[PDB]
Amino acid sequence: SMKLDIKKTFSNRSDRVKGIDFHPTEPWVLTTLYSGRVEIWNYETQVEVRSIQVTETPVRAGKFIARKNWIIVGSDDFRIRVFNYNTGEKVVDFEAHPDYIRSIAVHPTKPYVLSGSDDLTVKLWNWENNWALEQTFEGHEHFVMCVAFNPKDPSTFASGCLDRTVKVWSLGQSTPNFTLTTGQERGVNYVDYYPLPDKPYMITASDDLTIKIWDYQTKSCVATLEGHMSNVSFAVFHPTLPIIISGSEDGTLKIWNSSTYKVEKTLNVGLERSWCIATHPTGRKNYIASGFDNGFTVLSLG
């Protein structure tokens, strides 16, 4: 049970959206597209802030680095690129891995970026040390699909991998603090942390149609969420509301109750397959946004 007042703030059509992110202080959303283009939209005025044809290959990963006025993007041409969103200047452009970049995460306070790749690794880059490769984390046995810092202790982070595991690592240490054998036999496409201090929870999504919730202190599976009808692209905890939001190649978003783990609402926004998700980092208007085959939508909840 839950009162959900879902309003469509802004939707636009585009080529397939593979990455999406909210700016914390401007009413902007970044989308990164399978066509190699990236777009920054003001979702309040419904005007494009800036767009860039970055490459000819898919750009699967993109984040704002608001404290530097940057976007950082990673693509199937193996490269990390950074642009200043006020000028359009390309700040850096380097080959980060010898294979596709699937995911980029930004540390909340330090000048660190993580990239996960089909090269089986996560790499740590330091933009205050000339974008040095500070560490490579080895141990996964298939494509690393998702990386995320623990917001409550960002000296640690999680990687989710098609080898059916999540590994949680400490910066400066070469082996995982622990590996979760998820039992998601078709791999892990996504891993996320519950953001508030009261629960030490993580969440994983899989091509096996399931979402699983994990306690990272006991390393136990708390719940398995079933209901999606095709590959689950992502599942996240909302930063302010007691819900989980997932999206799937079945074309739906699902909102699940984070206490009972039962589905509360299924949304078919009409843009075909869902690939990516963002939640507004301050909880502004409880905003979420998702990217799909045929465009993106920004929704306000409750």
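Just count from 1 along the sequence shown to find any residue number.
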Given 211-219 and 85-93, the range whose Cα B-factors average higher in the PDB entry: 85-93
41-49 versus 26-34 - which carries the larger mean C-alpha B factor in the record: 41-49
Which of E138, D118, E134, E226 ranks first by CA B-factor in the deposited coordinates: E226
Per the PDB entry, maximal CA B factor within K167, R102, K123, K152: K152
Chain-relative CA temperature factor third for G172: middle
Third assignment of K254 from its chain's C-alpha B-factors: middle
Chain-relative CA temperature factor third for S248: lowest
CA B-factor placement of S274, once the chain's modelled residues are sorted into thirds: lowest
CA B-factor placement of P200, once the chain's modelled residues are sorted into thirds: middle
